[PDB]
Amino acid sequence: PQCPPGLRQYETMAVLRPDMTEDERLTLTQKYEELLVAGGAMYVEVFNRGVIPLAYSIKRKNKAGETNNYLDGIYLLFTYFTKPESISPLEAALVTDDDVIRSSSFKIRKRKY
Amino acid sequence: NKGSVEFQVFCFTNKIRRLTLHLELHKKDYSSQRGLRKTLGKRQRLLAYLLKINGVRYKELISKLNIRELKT
Amino acid sequence: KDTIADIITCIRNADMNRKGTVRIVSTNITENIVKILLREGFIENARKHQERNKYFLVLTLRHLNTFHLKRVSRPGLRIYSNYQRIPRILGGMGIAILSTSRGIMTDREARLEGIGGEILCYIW
Amino acid sequence: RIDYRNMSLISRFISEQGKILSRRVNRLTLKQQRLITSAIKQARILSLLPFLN
Amino acid sequence: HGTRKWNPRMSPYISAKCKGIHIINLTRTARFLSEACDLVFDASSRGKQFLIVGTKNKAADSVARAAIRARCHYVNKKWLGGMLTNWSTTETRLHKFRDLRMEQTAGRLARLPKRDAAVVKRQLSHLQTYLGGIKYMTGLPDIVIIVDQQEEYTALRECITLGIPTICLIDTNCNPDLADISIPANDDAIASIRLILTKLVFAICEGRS
RNA sequence: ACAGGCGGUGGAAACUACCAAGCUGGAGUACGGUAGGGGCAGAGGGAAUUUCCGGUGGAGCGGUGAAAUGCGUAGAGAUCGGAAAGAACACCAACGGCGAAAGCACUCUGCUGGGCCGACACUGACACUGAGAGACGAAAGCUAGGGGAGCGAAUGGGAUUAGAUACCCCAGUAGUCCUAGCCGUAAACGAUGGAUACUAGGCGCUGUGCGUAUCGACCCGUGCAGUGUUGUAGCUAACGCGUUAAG
Ligand SMILES: [Mg+2]
Ligand SMILES: [Mg+2]
Ligand SMILES: [Mg+2]
Ligand SMILES: [Mg+2]
Ligand SMILES: [Mg+2]
Ligand SMILES: [Mg+2]
Ligand SMILES: [Mg+2]
Ligand SMILES: [Mg+2]
Ligand SMILES: [Mg+2]
């Protein structure tokens, strides 16, 4: 699927907590879609990955103040088109939120190798 | 598009104007400043060529694009 | 820039590498210059062709001497001469290609014609 | 292909300690080698592959 | 010889080429084979002495047998410097070498000790290795033939110094300006050597009359 | 007299120049592809070190050509666990890439500059260099406001020494970092100004095409623009340069 002239292709892979239940990630994936689609966006998709253990331990502090040590987590992956001037809200939300641990927004392109 | 003399000035006039608004924020982008003076210089030698060939086109082009005329 | 300044060198460098062909550019001025070297015996043959609308010429050099050359009148300093100061290179072994109002000729042909002009390059 | 989400292609160009191998032993090209660096450095931040050991 | 070994000097004398290997031209050389055999046939009638310089291992014995057919001379082993240029020292070693063969005839070996006879033995053996085909020269040749340019680079230069015409190895390895007579295509095998060597040695025979 | 200078006069029109039209090879634009640590700004990441908090435990630790200063039973060093901070990015890494230089390397994202090639859109010499002038410009240093882990001018102490205001060792301020601005100097070197044409080759490194080919890429063969190493002619006082010239 091609892109319109007004925007290019981005992608996003996240790292979620392992202890989350089913009902939580439904509201979470729904939170980013309505947030990502509220801005200029087209052709949003959502893949899923398991609880593959992490290569190194993690420290994350919630609003309550306590910290937690993790070893496994739920990975998510997005592939979408958004405008260039509508990505910094996404990256901003992927750091303030406590359910998300890491965030890596990449811009994959065509390469002939 | 065409490659006429007045058309090259129109593209540089937008390329120059596009970079002025950028340097209002990223004033420390001195590498782009070196590129800005090129387009400012390329149009200077083209308009210098347009002048001695035909002055009518010069006064009409500078009037619509709001270009400062050079002394001497 | 000066075309003829490049013409004299493309023939010079060919003799240093000791080649036969030159593939020299064709113009209204060079065709007259080359024409003098044919009659004067400095070049064996010349020949014309084209690859685009532009044109070229192909020379044929001779097989311990060296084909000396020199330019005289440059863009930064033009040199003219009257009839009484027409040079005589090496007592006659060389020649001078100079432009008169009646086209370009050899200095000897100017000695008979009685008209000086703009010396451009000496030959020996 | 060559990217961060591919484990099999990236896992065969790392050392036992998780370091990046040289172009000579990998026998890659320039465009290829520069991406193995990026694909690994990206993945390490994601905890898909450890920084050391 | 190859894309990494072709000298740009031979470019006038190249016709085509193939996968890696090089193809020499047989047309231009045929004129020089005539000019060579014409000059060698004409020179041999006046009674001159010639020389051949062959030290390549593949054609060490071929050049040796090549000299027996005519009254020319060969150089089977290395050049050892100053053979023709430093001829005054060569006459000393040849006058020396000529005498030692007469020294062996006498019964003076008996009165010499064991080790002293060995030195004289190894002395004469060393000169035989390098001064074999020259024992009947008695002067300087007028034309000298080169079988190999690379391995015998020194021999080609003393000819240029003394001003002696010569034949060379004009195949793509070397420079063609060093010899006036030019015969390419001799680095292939003995076929390229014997076909040319026997042909030129043949012309010397009828020229001798 | 010649030669040469000034002025007038009648002719020649190649060249310089002028005037009127033409072309596209130089230059540039529009396109379509493409590599890169180009630059600016904002977010993300780990080890390592240091300090503090405690647990464990008990005499040395640390350093040197040898020693001592120093730290330590008021519990050091070492060893697991934890809080925090600052600065810098191993491996990839070179016969490597980009930039006008100075310089740019952990990751991404945004805005943005320049270069290369292809071709059938176009422009019609719109070019080169550049006195003055202007901009950028390593570290060090200065003026305010912050920050300061580690390393470290200065200054102390312990040694080496006839002496040691040094080399060595233990502690360590400014500074090193960030944001505004000044300073405008370096072996700021390729000790080699820029532009253009011509002038044998050999090896291999990128970028982008073409064709062969396994037409899956690859490989092989060539064009262009670059980047390195040998080297012919030629130059050079010599060393050496040598298609990126010091021809
Ligand atoms: Mg002109
Ligand atoms: Mg005219
Ligand atoms: Mg100046
Ligand atoms: Mg500084
Ligand atoms: Mg200076
Ligand atoms: Mg420097
Ligand atoms: Mg200097
Ligand atoms: Mg300089
Ligand atoms: Mg060299």
# chains A, B, ... in the order shown; residues from 1 in each chain; ligands from 1
>>> residues_near_ligand(ligand="ligand 5", cutoff="9 Å", atoms="only C-alpha atoms (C1' of nucleotides) and all ligand atoms", output="JSON, numbers by chain")
{"F": [185, 186, 188]}
>>> write_last_selection(atoms="C-alpha atoms (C1' of nucleotides)", output="PDB file, in the first residue's frame")
ATOM      1  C1'   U F 185      45.442  32.055  17.058  1.00  0.00           C
ATOM      2  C1'   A F 186      47.980  26.260  15.714  1.00  0.00           C
ATOM      3  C1'   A F 188      44.822  25.210  11.204  1.00  0.00           C
TER       4        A F 188
END
>>> residues_near_ligand(ligand="ligand 9", cutoff="10 Å", atoms="only C-alpha atoms (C1' of nucleotides) and all ligand atoms", output="VMD selection string")
chain F and resid 229 to 231 240 to 242
>>> residues_near_ligand(ligand="ligand 2", cutoff="12 Å", atoms="only C-alpha atoms (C1' of nucleotides) and all ligand atoms", output="list in words")
residues 101, 102 and 103 of chain C; 12, 13, 14, 15, 16, 17, 18 and 19 of chain F
>>> write_last_selection(atoms="N, CA and C atoms (P, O5', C5', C4', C3', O3' and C1' of nucleotides)", output="PDB file, in the first residue's frame")
ATOM      1  N   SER C 101      44.889  40.673 -42.212  1.00  0.00           N
ATOM      2  CA  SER C 101      43.538  41.016 -42.636  1.00  0.00           C
ATOM      3  C   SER C 101      43.041  40.053 -43.707  1.00  0.00           C
ATOM      4  N   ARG C 102      43.940  39.581 -44.567  1.00  0.00           N
ATOM      5  CA  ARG C 102      43.622  38.538 -45.543  1.00  0.00           C
ATOM      6  C   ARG C 102      43.891  37.151 -44.964  1.00  0.00           C
ATOM      7  N   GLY C 103      43.272  36.872 -43.822  1.00  0.00           N
ATOM      8  CA  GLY C 103      43.396  35.577 -43.196  1.00  0.00           C
ATOM      9  C   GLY C 103      44.778  35.331 -42.621  1.00  0.00           C
TER      10      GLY C 103
ATOM     11  P     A F  12      38.598  48.266 -48.532  1.00  0.00           P
ATOM     12  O5'   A F  12      39.602  47.240 -47.842  1.00  0.00           O
ATOM     13  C5'   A F  12      40.400  46.366 -48.625  1.00  0.00           C
ATOM     14  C4'   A F  12      41.167  45.392 -47.764  1.00  0.00           C
ATOM     15  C3'   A F  12      40.377  44.721 -46.651  1.00  0.00           C
ATOM     16  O3'   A F  12      39.622  43.614 -47.114  1.00  0.00           O
ATOM     17  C1'   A F  12      42.437  45.515 -45.798  1.00  0.00           C
ATOM     18  P     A F  13      38.054  43.499 -46.786  1.00  0.00           P
ATOM     19  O5'   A F  13      38.012  42.810 -45.351  1.00  0.00           O
ATOM     20  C5'   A F  13      38.721  41.599 -45.106  1.00  0.00           C
ATOM     21  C4'   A F  13      38.947  41.376 -43.632  1.00  0.00           C
ATOM     22  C3'   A F  13      37.698  41.029 -42.828  1.00  0.00           C
ATOM     23  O3'   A F  13      38.030  40.127 -41.775  1.00  0.00           O
ATOM     24  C1'   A F  13      38.643  43.030 -41.997  1.00  0.00           C
ATOM     25  P     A F  14      36.941  39.069 -41.252  1.00  0.00           P
ATOM     26  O5'   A F  14      37.795  38.027 -40.404  1.00  0.00           O
ATOM     27  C5'   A F  14      38.360  36.876 -41.013  1.00  0.00           C
ATOM     28  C4'   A F  14      39.669  36.485 -40.371  1.00  0.00           C
ATOM     29  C3'   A F  14      39.765  36.666 -38.864  1.00  0.00           C
ATOM     30  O3'   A F  14      39.154  35.614 -38.141  1.00  0.00           O
ATOM     31  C1'   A F  14      41.706  37.540 -39.889  1.00  0.00           C
ATOM     32  P     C F  15      38.265  35.941 -36.846  1.00  0.00           P
ATOM     33  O5'   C F  15      39.328  36.450 -35.776  1.00  0.00           O
ATOM     34  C5'   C F  15      40.400  35.614 -35.369  1.00  0.00           C
ATOM     35  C4'   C F  15      41.402  36.358 -34.525  1.00  0.00           C
ATOM     36  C3'   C F  15      40.836  37.209 -33.402  1.00  0.00           C
ATOM     37  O3'   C F  15      40.477  36.456 -32.257  1.00  0.00           O
ATOM     38  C1'   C F  15      42.461  38.448 -34.577  1.00  0.00           C
ATOM     39  P     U F  16      39.146  36.829 -31.439  1.00  0.00           P
ATOM     40  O5'   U F  16      39.539  38.160 -30.661  1.00  0.00           O
ATOM     41  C5'   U F  16      40.537  38.136 -29.653  1.00  0.00           C
ATOM     42  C4'   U F  16      40.730  39.489 -29.016  1.00  0.00           C
ATOM     43  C3'   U F  16      39.468  40.266 -28.679  1.00  0.00           C
ATOM     44  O3'   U F  16      38.837  39.828 -27.490  1.00  0.00           O
ATOM     45  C1'   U F  16      41.011  41.702 -29.734  1.00  0.00           C
ATOM     46  P     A F  17      37.233  39.775 -27.411  1.00  0.00           P
ATOM     47  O5'   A F  17      36.785  41.276 -27.697  1.00  0.00           O
ATOM     48  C5'   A F  17      37.110  42.314 -26.786  1.00  0.00           C
ATOM     49  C4'   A F  17      36.695  43.668 -27.305  1.00  0.00           C
ATOM     50  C3'   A F  17      35.241  43.808 -27.723  1.00  0.00           C
ATOM     51  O3'   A F  17      34.362  43.993 -26.629  1.00  0.00           O
ATOM     52  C1'   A F  17      36.624  44.744 -29.387  1.00  0.00           C
ATOM     53  P     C F  18      32.856  43.440 -26.709  1.00  0.00           P
ATOM     54  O5'   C F  18      32.134  44.456 -27.698  1.00  0.00           O
ATOM     55  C5'   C F  18      32.105  45.845 -27.410  1.00  0.00           C
ATOM     56  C4'   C F  18      31.554  46.645 -28.562  1.00  0.00           C
ATOM     57  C3'   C F  18      30.188  46.223 -29.072  1.00  0.00           C
ATOM     58  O3'   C F  18      29.125  46.702 -28.267  1.00  0.00           O
ATOM     59  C1'   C F  18      31.639  46.546 -30.903  1.00  0.00           C
ATOM     60  P     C F  19      27.880  45.746 -27.929  1.00  0.00           P
ATOM     61  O5'   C F  19      27.035  45.738 -29.276  1.00  0.00           O
ATOM     62  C5'   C F  19      26.536  46.950 -29.819  1.00  0.00           C
ATOM     63  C4'   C F  19      25.994  46.760 -31.212  1.00  0.00           C
ATOM     64  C3'   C F  19      25.005  45.622 -31.397  1.00  0.00           C
ATOM     65  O3'   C F  19      23.697  45.952 -30.965  1.00  0.00           O
ATOM     66  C1'   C F  19      26.597  45.573 -33.140  1.00  0.00           C
TER      67        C F  19
END
>>> closest_residue(among="B:2, B:17, B:27, B:38", to="chain F", atoms="only C-alpha atoms (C1' of nucleotides)")
B:2
>>> residues_near_ligand(ligand="ligand 8", cutoff="10 Å", atoms="only C-alpha atoms (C1' of nucleotides) and all ligand atoms", output="VMD selection string")
chain F and resid 101 188 to 190 192 to 193
>>> atom_distance(atom1="atom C1' of residue 160 of chain F", atom2="atom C1' of residue 61 of chain F")
24.5 Å
>>> interface_residues(of="chain C", to="chain E", cutoff="12 Å", atoms="only C-alpha atoms", output="number ranges by chain")
C: 17-20
>>> write_last_selection(atoms="N, CA, C and O atoms", output="PDB file, in the first residue's frame")
ATOM      1  N   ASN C  17      54.786  11.587 -25.712  1.00  0.00           N
ATOM      2  CA  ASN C  17      54.390  10.186 -25.663  1.00  0.00           C
ATOM      3  C   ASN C  17      54.669   9.462 -26.978  1.00  0.00           C
ATOM      4  O   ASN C  17      54.610   8.230 -27.015  1.00  0.00           O
ATOM      5  N   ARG C  18      54.984  10.198 -28.045  1.00  0.00           N
ATOM      6  CA  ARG C  18      55.339   9.627 -29.341  1.00  0.00           C
ATOM      7  C   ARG C  18      54.185   8.792 -29.899  1.00  0.00           C
ATOM      8  O   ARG C  18      54.275   7.575 -30.069  1.00  0.00           O
ATOM      9  N   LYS C  19      53.082   9.486 -30.167  1.00  0.00           N
ATOM     10  CA  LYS C  19      51.880   8.916 -30.752  1.00  0.00           C
ATOM     11  C   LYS C  19      51.693   9.463 -32.162  1.00  0.00           C
ATOM     12  O   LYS C  19      52.348  10.426 -32.572  1.00  0.00           O
ATOM     13  N   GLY C  20      50.781   8.836 -32.903  1.00  0.00           N
ATOM     14  CA  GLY C  20      50.488   9.236 -34.266  1.00  0.00           C
ATOM     15  C   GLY C  20      49.255  10.109 -34.376  1.00  0.00           C
ATOM     16  O   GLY C  20      49.254  11.103 -35.109  1.00  0.00           O
TER      17      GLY C  20
END
>>> residues_around(residues="residue 69 of chain F", least_positions_apart="6", cutoff="8 Å", atoms="only C-alpha atoms (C1' of nucleotides)", output="list in words")
residues 157, 158 and 170 of chain F
>>> residues_near_ligand(ligand="ligand 1", cutoff="10 Å", atoms="only C-alpha atoms (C1' of nucleotides) and all ligand atoms", output="ChimeraX atom specification")
/C:1-4,75 /F:15-16
>>> closest_residue(among="D:20, D:36, D:9, D:30", to="chain F", atoms="only C-alpha atoms (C1' of nucleotides)")
D:20
>>> residues_around(residues="residue 67 of chain A", least_positions_apart="4", cutoff="12 Å", atoms="only C-alpha atoms (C1' of nucleotides)", output="PyMOL selection string")
(chain A and resi 58-63+98) or (chain F and resi 82-83)
>>> write_last_selection(atoms="N, CA and C atoms (P, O5', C5', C4', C3', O3' and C1' of nucleotides)", output="PDB file, in the first residue's frame")
ATOM      1  N   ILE A  58      15.349  -4.689  34.248  1.00  0.00           N
ATOM      2  CA  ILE A  58      14.806  -3.360  34.006  1.00  0.00           C
ATOM      3  C   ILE A  58      14.378  -2.751  35.332  1.00  0.00           C
ATOM      4  N   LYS A  59      14.461  -1.424  35.412  1.00  0.00           N
ATOM      5  CA  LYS A  59      13.952  -0.653  36.538  1.00  0.00           C
ATOM      6  C   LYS A  59      12.958   0.373  36.013  1.00  0.00           C
ATOM      7  N   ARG A  60      11.757   0.379  36.589  1.00  0.00           N
ATOM      8  CA  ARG A  60      10.703   1.296  36.182  1.00  0.00           C
ATOM      9  C   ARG A  60       9.944   1.743  37.421  1.00  0.00           C
ATOM     10  N   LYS A  61       9.698   3.049  37.513  1.00  0.00           N
ATOM     11  CA  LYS A  61       9.034   3.662  38.657  1.00  0.00           C
ATOM     12  C   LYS A  61       7.682   4.200  38.215  1.00  0.00           C
ATOM     13  N   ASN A  62       6.627   3.784  38.911  1.00  0.00           N
ATOM     14  CA  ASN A  62       5.284   4.257  38.620  1.00  0.00           C
ATOM     15  C   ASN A  62       5.035   5.599  39.309  1.00  0.00           C
ATOM     16  N   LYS A  63       3.834   6.144  39.104  1.00  0.00           N
ATOM     17  CA  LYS A  63       3.459   7.380  39.783  1.00  0.00           C
ATOM     18  C   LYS A  63       3.379   7.182  41.290  1.00  0.00           C
ATOM     19  N   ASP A  98       3.104   4.422  32.386  1.00  0.00           N
ATOM     20  CA  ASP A  98       3.822   3.467  33.216  1.00  0.00           C
ATOM     21  C   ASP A  98       3.671   2.030  32.739  1.00  0.00           C
TER      22      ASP A  98
ATOM     23  P     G F  82      20.358  -4.418  43.050  1.00  0.00           P
ATOM     24  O5'   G F  82      20.006  -3.058  43.798  1.00  0.00           O
ATOM     25  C5'   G F  82      18.812  -2.949  44.557  1.00  0.00           C
ATOM     26  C4'   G F  82      18.809  -1.723  45.431  1.00  0.00           C
ATOM     27  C3'   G F  82      19.091  -0.402  44.739  1.00  0.00           C
ATOM     28  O3'   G F  82      17.976   0.105  44.028  1.00  0.00           O
ATOM     29  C1'   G F  82      20.332  -0.518  46.742  1.00  0.00           C
ATOM     30  P     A F  83      18.200   1.066  42.760  1.00  0.00           P
ATOM     31  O5'   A F  83      18.413   2.503  43.412  1.00  0.00           O
ATOM     32  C5'   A F  83      17.446   3.038  44.298  1.00  0.00           C
ATOM     33  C4'   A F  83      17.886   4.350  44.899  1.00  0.00           C
ATOM     34  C3'   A F  83      18.428   5.391  43.937  1.00  0.00           C
ATOM     35  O3'   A F  83      17.415   6.049  43.201  1.00  0.00           O
ATOM     36  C1'   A F  83      19.766   5.322  45.892  1.00  0.00           C
TER      37        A F  83
END
